[PDB]
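Listing of query_12.txt, compact mmCIF, C-alpha atoms
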# COMPACT_ATOMS: atom_id res chain seq x y z
CA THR Z 1 112.75 171.83 91.54
CA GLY Z 2 115.96 170.17 90.36
CA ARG Z 3 115.79 167.44 92.99
CA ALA Z 4 112.09 167.06 92.20
CA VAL Z 5 112.67 166.48 88.47
CA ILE Z 6 115.99 164.59 88.64
CA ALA Z 7 114.17 161.27 89.14
CA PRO Z 8 111.76 161.33 86.14
CA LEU Z 9 114.51 162.65 83.83
CA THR Z 10 116.77 159.79 84.89
CA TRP Z 11 113.86 157.40 84.32
CA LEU Z 12 113.26 158.77 80.83
CA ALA Z 13 116.95 158.76 79.88
CA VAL Z 14 117.42 155.16 81.02
CA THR Z 15 114.27 154.01 79.21
CA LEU Z 16 115.30 155.74 75.98
CA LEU Z 17 118.84 154.33 76.23
CA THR Z 18 117.43 150.83 76.70
CA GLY Z 19 115.17 151.32 73.69
CA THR Z 20 112.85 148.39 74.43
CA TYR Z 21 110.01 150.74 75.39
CA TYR Z 22 110.62 152.74 72.21
CA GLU Z 23 110.71 149.47 70.27
CA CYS Z 24 107.42 148.13 71.65
CA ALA Z 25 105.84 151.60 71.39
CA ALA Z 26 106.90 152.88 67.94
CA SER Z 27 106.82 149.61 65.99
CA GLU Z 28 103.36 150.16 64.47
CA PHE Z 29 104.52 153.56 63.13
CA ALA Z 30 107.29 152.05 60.98
CA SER Z 31 107.56 152.77 57.26
CA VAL Z 32 106.73 150.12 54.66
CA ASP Z 33 106.88 152.08 51.38
CA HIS Z 34 110.62 151.38 51.09
CA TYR Z 35 110.12 147.60 51.37
CA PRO Z 36 108.43 146.07 48.30
CA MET Z 37 107.82 142.83 50.23
CA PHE Z 38 105.54 144.76 52.63
CA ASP Z 39 103.16 145.97 49.90
CA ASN Z 40 100.19 143.96 51.22
CA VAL Z 41 97.64 145.36 48.77
CA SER Z 42 94.87 144.11 51.05
CA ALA Z 43 95.72 147.08 53.32
CA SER Z 44 94.79 144.87 56.31
CA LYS Z 45 97.37 142.11 56.82
CA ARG Z 46 100.14 144.74 56.73
CA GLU Z 47 99.17 146.34 60.04
CA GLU Z 48 98.58 143.04 61.85
CA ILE Z 49 101.98 141.69 60.81
CA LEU Z 50 103.58 145.08 61.61
CA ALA Z 51 102.15 145.01 65.13
CA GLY Z 52 102.74 141.29 65.66
CA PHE Z 53 106.32 140.72 64.54
CA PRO Z 54 108.12 142.88 67.18
CA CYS Z 55 106.63 141.02 70.16
CA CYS Z 56 107.44 137.31 69.92
CA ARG Z 57 106.45 136.30 66.36
CA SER Z 58 109.83 135.38 64.90
CA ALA Z 59 108.43 133.44 61.90
CA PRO Z 60 111.70 132.75 60.01
CA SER Z 61 110.05 132.99 56.59
CA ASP Z 62 112.53 135.27 54.73
CA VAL Z 63 111.03 138.17 56.73
CA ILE Z 64 113.18 138.24 59.89
CA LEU Z 65 116.13 139.99 58.26
CA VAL Z 66 113.79 142.77 57.13
CA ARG Z 67 112.27 143.11 60.59
CA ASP Z 68 115.74 143.03 62.14
CA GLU Z 69 116.67 146.09 60.09
CA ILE Z 70 113.63 148.05 61.25
CA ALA Z 71 114.43 147.20 64.86
CA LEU Z 72 117.95 148.52 64.39
CA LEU Z 73 116.60 151.73 62.90
CA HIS Z 74 114.24 152.27 65.82
CA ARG Z 75 117.04 151.46 68.26
CA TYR Z 76 119.26 154.00 66.54
CA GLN Z 77 116.45 156.54 66.51
CA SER Z 78 115.68 155.75 70.15
CA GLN Z 79 119.25 156.54 71.16
CA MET Z 80 119.18 159.86 69.33
CA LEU Z 81 115.95 160.86 71.05
CA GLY Z 82 117.39 160.10 74.46
CA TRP Z 83 120.60 161.96 73.68
CA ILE Z 84 118.67 164.95 72.39
CA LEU Z 85 116.51 165.04 75.51
CA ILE Z 86 119.55 165.01 77.78
CA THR Z 87 121.13 167.88 75.86
CA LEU Z 88 117.95 169.95 76.04
CA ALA Z 89 117.58 169.16 79.73
CA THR Z 90 121.11 170.37 80.39
CA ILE Z 91 120.51 173.59 78.46
CA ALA Z 92 117.27 174.18 80.36
CA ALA Z 93 119.08 173.72 83.66
CA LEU Z 94 121.69 176.29 82.65
CA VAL Z 95 119.11 178.86 81.58
CA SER Z 96 117.15 178.16 84.76
CA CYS Z 97 120.26 178.94 86.79
CA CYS Z 98 120.65 182.07 84.67
CA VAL Z 99 117.17 183.13 85.79
CA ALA Z 100 118.19 182.25 89.35
CA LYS Z 101 121.15 184.59 88.77
CA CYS Z 102 119.14 187.30 86.97
CA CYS Z 103 115.73 187.61 88.66
CA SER Z 104 117.06 187.02 92.19
CA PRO Z 105 116.95 190.17 94.37
CA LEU Z 106 119.50 188.56 96.68
CA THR Z 107 123.21 189.18 96.21
CA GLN I 1 89.06 140.79 37.17
CA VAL I 2 92.47 139.15 37.52
CA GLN I 3 92.18 135.36 37.81
CA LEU I 4 95.00 133.09 39.01
CA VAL I 5 95.05 129.42 37.99
CA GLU I 6 97.73 126.92 39.01
CA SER I 7 98.98 124.59 36.27
CA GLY I 8 101.75 122.03 35.92
CA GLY I 9 101.07 120.02 39.07
CA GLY I 10 100.61 116.31 39.59
CA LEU I 11 102.48 113.41 41.18
CA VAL I 12 106.24 113.07 40.69
CA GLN I 13 108.41 110.56 42.53
CA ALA I 14 111.67 111.36 44.30
CA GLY I 15 114.50 112.63 42.11
CA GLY I 16 112.17 114.08 39.47
CA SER I 17 111.45 117.64 38.38
CA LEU I 18 108.22 119.64 38.34
CA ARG I 19 107.18 122.91 36.69
CA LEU I 20 104.49 125.17 38.17
CA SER I 21 102.79 127.73 35.93
CA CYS I 22 100.28 130.39 37.01
CA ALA I 23 98.46 132.70 34.60
CA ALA I 24 97.74 136.28 35.66
CA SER I 25 95.38 138.44 33.60
CA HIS I 26 105.60 141.21 42.23
CA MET I 27 104.44 137.59 42.48
CA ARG I 28 104.57 135.18 45.43
CA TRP I 29 104.56 131.39 45.75
CA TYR I 30 103.23 129.47 48.77
CA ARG I 31 102.63 125.91 49.98
CA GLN I 32 100.57 124.22 52.71
CA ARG I 33 100.48 127.94 54.54
CA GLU I 34 104.24 128.33 54.03
CA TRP I 35 105.97 131.07 52.04
CA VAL I 36 107.95 129.64 49.13
CA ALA I 37 109.33 132.27 46.74
CA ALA I 38 108.74 135.80 45.51
CA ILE I 39 109.73 137.89 42.50
CA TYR I 40 109.83 141.61 41.62
CA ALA I 41 113.60 139.83 37.74
CA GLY I 42 114.86 139.99 41.32
CA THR I 43 114.14 136.75 43.13
CA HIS I 44 113.93 135.39 46.69
CA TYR I 45 113.96 131.83 48.05
CA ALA I 46 113.06 130.44 51.46
CA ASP I 47 115.80 128.75 53.48
CA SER I 48 113.84 125.49 53.77
CA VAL I 49 113.61 125.25 49.96
CA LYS I 50 116.91 126.98 49.15
CA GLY I 51 119.16 125.24 46.64
CA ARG I 52 116.22 123.47 45.02
CA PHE I 53 113.63 125.92 43.76
CA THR I 54 113.67 128.36 40.84
CA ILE I 55 111.05 130.97 39.89
CA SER I 56 110.93 133.04 36.70
CA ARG I 57 108.28 135.19 35.04
CA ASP I 58 107.79 136.59 31.53
CA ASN I 59 105.69 139.69 30.91
CA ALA I 60 104.79 138.74 27.32
CA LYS I 61 102.78 135.67 28.34
CA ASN I 62 101.70 137.10 31.73
CA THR I 63 102.69 133.80 33.35
CA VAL I 64 105.04 132.89 36.20
CA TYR I 65 107.12 129.71 35.96
CA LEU I 66 108.53 127.82 38.94
CA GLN I 67 111.42 125.41 38.28
CA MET I 68 111.75 122.48 40.68
CA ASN I 69 114.60 119.95 40.67
CA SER I 70 115.30 116.71 42.57
CA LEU I 71 112.02 116.64 44.47
CA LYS I 72 111.61 114.71 47.73
CA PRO I 73 108.61 113.41 49.71
CA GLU I 74 109.29 116.04 52.41
CA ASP I 75 107.68 118.66 50.12
CA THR I 76 104.35 116.84 49.69
CA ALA I 77 101.90 119.75 49.80
CA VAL I 78 99.47 121.89 47.81
CA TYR I 79 101.06 124.97 46.22
CA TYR I 80 99.19 128.31 46.11
CA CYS I 81 99.87 131.56 44.25
CA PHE I 82 99.87 135.12 45.59
CA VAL I 83 100.47 138.70 44.48
CA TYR I 84 93.91 137.93 45.62
CA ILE I 85 94.60 134.23 46.17
CA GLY I 86 95.02 131.46 43.62
CA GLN I 87 93.03 128.24 43.60
CA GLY I 88 96.05 126.09 44.46
CA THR I 89 96.83 122.58 43.19
CA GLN I 90 97.89 119.55 45.22
CA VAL I 91 101.30 118.05 44.42
CA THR I 92 102.37 114.76 46.02
CA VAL I 93 105.76 113.02 46.02
CA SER I 94 106.10 109.33 46.87
CA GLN F 1 64.87 121.17 58.75
CA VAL F 2 68.56 120.79 57.88
CA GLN F 3 69.90 117.25 58.31
CA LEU F 4 73.57 116.36 57.78
CA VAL F 5 73.95 112.94 56.14
CA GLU F 6 77.46 111.53 55.67
CA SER F 7 78.48 108.96 53.06
CA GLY F 8 81.68 107.13 52.19
CA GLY F 9 82.20 104.94 55.25
CA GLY F 10 83.68 101.47 55.11
CA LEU F 11 87.06 99.77 55.24
CA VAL F 12 90.07 101.30 53.47
CA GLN F 13 93.62 99.96 53.55
CA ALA F 14 96.55 102.03 54.77
CA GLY F 15 97.81 104.68 52.38
CA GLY F 16 94.59 104.78 50.36
CA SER F 17 92.20 107.60 49.53
CA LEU F 18 88.61 108.08 50.70
CA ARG F 19 85.94 110.73 50.16
CA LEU F 20 83.52 111.52 53.00
CA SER F 21 80.52 113.36 51.53
CA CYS F 22 78.23 115.23 53.94
CA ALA F 23 75.05 116.71 52.47
CA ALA F 24 73.31 119.71 54.03
CA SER F 25 69.55 120.05 53.55
CA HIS F 26 80.39 127.62 57.81
CA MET F 27 80.83 123.92 58.51
CA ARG F 28 83.10 122.01 60.88
CA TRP F 29 84.59 118.52 60.98
CA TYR F 30 85.25 116.36 64.06
CA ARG F 31 86.50 112.84 64.81
CA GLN F 32 86.11 110.44 67.72
CA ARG F 33 85.36 113.93 69.93
CA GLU F 34 88.28 115.82 68.36
CA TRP F 35 88.06 118.80 66.01
CA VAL F 36 89.43 118.13 62.52
CA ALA F 37 88.66 120.92 60.07
CA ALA F 38 86.64 124.11 59.68
CA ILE F 39 85.33 125.82 56.53
CA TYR F 40 83.32 128.95 55.78
CA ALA F 41 86.51 129.17 50.82
CA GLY F 42 88.95 129.44 53.71
CA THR F 43 89.89 126.07 55.20
CA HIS F 44 91.56 125.21 58.50
CA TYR F 45 93.09 121.96 59.73
CA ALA F 46 94.60 120.63 62.93
CA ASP F 47 98.34 119.96 62.99
CA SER F 48 97.57 116.24 63.29
CA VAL F 49 95.90 116.29 59.85
CA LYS F 50 97.68 119.38 58.48
CA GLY F 51 98.61 118.76 54.86
CA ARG F 52 96.81 115.39 54.88
CA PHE F 53 93.06 116.08 54.72
CA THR F 54 91.38 118.47 52.27
CA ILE F 55 87.91 119.93 52.88
CA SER F 56 85.88 121.51 50.07
CA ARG F 57 82.25 122.65 49.96
CA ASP F 58 80.03 123.49 47.00
CA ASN F 59 76.73 125.36 47.16
CA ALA F 60 75.52 123.69 43.95
CA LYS F 61 75.19 120.32 45.71
CA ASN F 62 75.04 121.62 49.32
CA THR F 63 77.68 119.02 50.18
CA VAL F 64 81.01 119.12 52.00
CA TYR F 65 83.80 116.80 50.83
CA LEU F 66 86.79 115.79 52.97
CA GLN F 67 89.67 114.03 51.22
CA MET F 68 91.52 111.47 53.36
CA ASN F 69 95.04 110.97 52.02
CA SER F 70 97.89 108.88 53.47
CA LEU F 71 95.48 106.97 55.70
CA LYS F 72 96.94 104.84 58.49
CA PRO F 73 95.39 102.46 61.05
CA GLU F 74 96.37 104.93 63.80
CA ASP F 75 93.65 107.38 62.67
CA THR F 76 90.82 104.82 62.83
CA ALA F 77 87.84 106.73 64.22
CA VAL F 78 84.35 108.02 63.38
CA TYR F 79 84.02 111.36 61.57
CA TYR F 80 81.20 113.80 62.39
CA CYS F 81 79.97 117.01 60.73
CA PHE F 82 79.00 120.31 62.35
CA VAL F 83 77.53 123.64 61.24
CA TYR F 84 73.73 120.58 64.81
CA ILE F 85 75.67 117.37 65.33
CA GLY F 86 76.21 115.02 62.41
CA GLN F 87 75.47 111.34 62.91
CA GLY F 88 78.76 110.41 61.27
CA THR F 89 80.23 107.24 59.80
CA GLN F 90 82.87 104.91 61.23
CA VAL F 91 85.97 104.44 59.06
CA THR F 92 88.25 101.50 59.83
CA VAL F 93 91.77 101.16 58.41
CA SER F 94 93.67 97.86 58.48
CA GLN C 1 121.82 145.27 26.29
CA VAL C 2 124.36 143.08 28.09
CA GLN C 3 123.28 139.52 28.91
CA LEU C 4 125.09 136.77 30.82
CA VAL C 5 124.46 133.10 30.00
CA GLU C 6 126.30 130.14 31.53
CA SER C 7 127.50 127.04 29.71
CA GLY C 8 129.85 124.10 30.18
CA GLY C 9 128.17 122.50 33.19
CA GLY C 10 126.74 119.03 33.56
CA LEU C 11 127.35 115.86 35.57
CA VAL C 12 131.01 114.95 36.14
CA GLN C 13 132.40 112.12 38.25
CA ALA C 14 134.73 112.71 41.19
CA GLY C 15 138.34 113.55 40.38
CA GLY C 16 137.54 114.93 36.92
CA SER C 17 137.72 118.40 35.42
CA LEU C 18 135.02 120.65 33.99
CA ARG C 19 134.97 123.97 32.13
CA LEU C 20 132.55 126.84 32.77
CA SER C 21 131.92 129.20 29.85
CA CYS C 22 129.88 132.38 30.27
CA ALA C 23 128.92 134.74 27.46
CA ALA C 24 128.84 138.49 28.09
CA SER C 25 127.75 141.03 25.49
CA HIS C 26 136.25 142.22 36.07
CA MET C 27 134.01 139.19 36.58
CA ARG C 28 133.31 137.13 39.70
CA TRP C 29 132.02 133.60 40.30
CA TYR C 30 129.31 132.53 42.75
CA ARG C 31 127.91 129.12 43.70
CA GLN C 32 124.81 128.56 45.82
CA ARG C 33 125.20 132.02 47.37
CA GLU C 34 128.93 131.65 48.11
CA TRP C 35 131.66 133.65 46.40
CA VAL C 36 134.09 131.52 44.39
CA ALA C 37 136.64 133.51 42.38
CA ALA C 38 137.36 136.93 40.91
CA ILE C 39 139.26 138.26 37.88
CA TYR C 40 140.57 141.64 36.77
CA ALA C 41 144.15 139.45 34.50
CA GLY C 42 144.95 139.06 38.18
CA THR C 43 142.71 136.62 40.01
CA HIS C 44 141.59 136.07 43.60
CA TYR C 45 140.28 132.79 45.04
CA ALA C 46 138.63 131.65 48.26
CA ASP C 47 140.46 129.30 50.61
CA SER C 48 137.74 126.64 50.52
CA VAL C 49 138.28 126.28 46.75
CA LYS C 50 141.86 127.56 46.50
CA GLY C 51 144.28 125.34 44.61
CA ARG C 52 141.46 123.76 42.57
CA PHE C 53 139.87 126.60 40.55
CA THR C 54 141.54 128.80 37.93
CA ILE C 55 139.68 131.56 36.07
CA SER C 56 140.83 133.24 32.86
CA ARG C 57 139.15 135.72 30.52
CA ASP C 58 139.71 136.70 26.89
CA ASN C 59 138.64 140.06 25.51
CA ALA C 60 138.51 138.78 21.92
CA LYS C 61 135.74 136.29 22.70
CA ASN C 62 134.38 138.58 25.46
CA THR C 63 133.81 135.48 27.61
CA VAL C 64 135.10 134.20 30.96
CA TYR C 65 136.33 130.63 31.53
CA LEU C 66 136.88 128.99 34.92
CA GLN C 67 138.93 125.80 35.21
CA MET C 68 137.77 123.55 38.05
CA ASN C 69 140.06 120.64 38.95
CA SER C 70 139.60 117.56 41.14
CA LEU C 71 135.87 118.12 41.56
CA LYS C 72 134.14 116.30 44.41
CA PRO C 73 130.48 115.76 45.38
CA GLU C 74 130.94 117.98 48.46
CA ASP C 75 130.78 121.08 46.21
CA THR C 76 127.61 120.10 44.32
CA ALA C 77 125.97 123.47 43.61
CA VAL C 78 124.71 125.72 40.83
CA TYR C 79 127.28 128.32 39.80
CA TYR C 80 126.31 131.90 38.92
CA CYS C 81 128.19 134.74 37.24
CA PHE C 82 128.35 138.31 38.55
CA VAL C 83 129.97 141.28 36.82
CA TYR C 84 123.36 141.91 37.12
CA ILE C 85 123.20 138.19 37.95
CA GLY C 86 123.62 135.31 35.53
CA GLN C 87 121.04 132.56 35.15
CA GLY C 88 123.55 129.88 36.13
CA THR C 89 123.85 126.15 35.52
CA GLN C 90 123.52 123.20 37.90
CA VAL C 91 126.51 120.89 38.43
CA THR C 92 126.22 117.52 40.17
CA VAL C 93 129.09 115.20 41.09
CA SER C 94 128.51 111.56 42.05

File written out as structure tokens:
Amino acid sequence: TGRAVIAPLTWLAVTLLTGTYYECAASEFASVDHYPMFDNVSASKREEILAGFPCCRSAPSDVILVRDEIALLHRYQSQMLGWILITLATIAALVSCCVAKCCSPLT
Amino acid sequence: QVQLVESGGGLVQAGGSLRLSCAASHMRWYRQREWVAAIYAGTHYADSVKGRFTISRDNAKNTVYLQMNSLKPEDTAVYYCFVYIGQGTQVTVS
Amino acid sequence: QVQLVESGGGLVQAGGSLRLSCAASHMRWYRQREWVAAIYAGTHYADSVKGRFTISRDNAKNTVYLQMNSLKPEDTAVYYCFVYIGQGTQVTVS
Amino acid sequence: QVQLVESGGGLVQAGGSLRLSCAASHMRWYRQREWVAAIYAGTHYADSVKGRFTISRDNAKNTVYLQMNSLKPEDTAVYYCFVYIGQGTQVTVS
């Protein structure tokens, strides 16, 4: 089992460390209540700009700094997620070995 | 029911000053569409128009004033108002 | 039953102003054929004429007005209207 | 209840001296936004303007005065006061 799962876990850890997948995946779930500039009372242009800025739409119109911050946050969050996963994985492995050393009839 | 009307426009040559007033019955200023300035008294200015533009608003008159100094022909465009979209008035510099 | 008739053609010197009035008995504007502007009061312009031409329609007169500002001889062409192809008028700038 | 208003600016030729007076009802100077000088009565200055600007405050008048010497057109900017942001005044040197 360990050799079977070592490849996808490495895949997931590398992807979460890189953070680009997390950036292009969790951008539309960002928070806008903190930013007064992202009010967008129309309730429509907010989501299109939220989905469109992370990809290639730089648009240096006094917005980039704001978007930069959000990216950083996601990156930070991304790292944490990856780290957490690794820790949990390790713990699981240990407890699995414990089962292999508790439920095994063999000496 | 809130109506936005742009006032104070016209034609001013290079080196002059212009004042833009919008009546509203967190404001934004735009030109064409290019973002210009926004207010909360906290104020923001675009880099392309930084060092030149000034925006202020007073709650008593429910009007927003934009101060403009040493205008140049490079900013020949119609200015719109945002918060609902204002009518927008054309301003030309020659 | 709807015929687009355009008025305002002739000869205008460089840097002048002209009004091309198209009467209709979501409109588009083309020049020759190249797209110029599109209206519904949202207006769109090509980057060639961005900030130069202004298109406005009114349902009271069923007419569409395009404002030609900062005219030059380089833009000498014939302007057509589209909803059906407008006949158009040739505008020459010297 | 504390308000900051700037005074003493204007147009001054190169090589002259000008006085900035700000009314307040530990102050720093900003030009635009670049930091200029700070006060306690110890004062701190930036290298780009060091040796030309001197800032002093008096508690009796509850005002801050900055002495600018050998002004040049290269530093043409509007100067703001920070303790809250002052309105500021525009200075131009020919």

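For chain I, the residues no farther than 12 Å from chain Z when using all atoms listed in the file are residues 26, 27, 28, 30, 33, 34, 35, 36, 37, 38, 39, 40, 42, 43, 44, 45, 46, 47, 48, 49, 50, 82, 83, 84 and 85 of chain I.
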
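CA of residue 29 (chain I) sits 10.1 Å away from CA of residue 88 (chain I).
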
For chain C, list the residues within 9 Å of chain I, counting only C-alpha atoms, and write the list as a PDB file with C-alpha atoms, keeping the file's coordinate frame.
ATOM      1  CA  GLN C  32     124.810 128.560  45.820  1.00  0.00           C
ATOM      2  CA  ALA C  77     125.970 123.470  43.610  1.00  0.00           C
ATOM      3  CA  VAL C  78     124.710 125.720  40.830  1.00  0.00           C
TER       4      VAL C  78
END

Between F:12, F:91, F:4, F:81, which is the closest to residue 55 (chain F) once you count all atoms listed in the file?
F:81

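Excluding residue 71 (chain F) and any residue on its chain fewer than 2 positions from it, the residues at most 8 Å away by only C-alpha atoms are residues 13, 14, 15, 16, 17, 68, 69, 73, 75 and 93 of chain F.
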
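Between CA of residue 67 (chain F) and CA of residue 22 (chain I) the interatomic distance comes to 24.1 Å.
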
Test item: residues at most 12 Å from residue 83 (chain Z), all atoms listed in the file, excluding those fewer than 3 positions along its chain, as an NGL selection string:
:Z and (9 or 12-19 or 76-80 or 86-90)

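For the pair CA of residue 63 (chain C) and CA of residue 24 (chain C), the separation is 5.8 Å.
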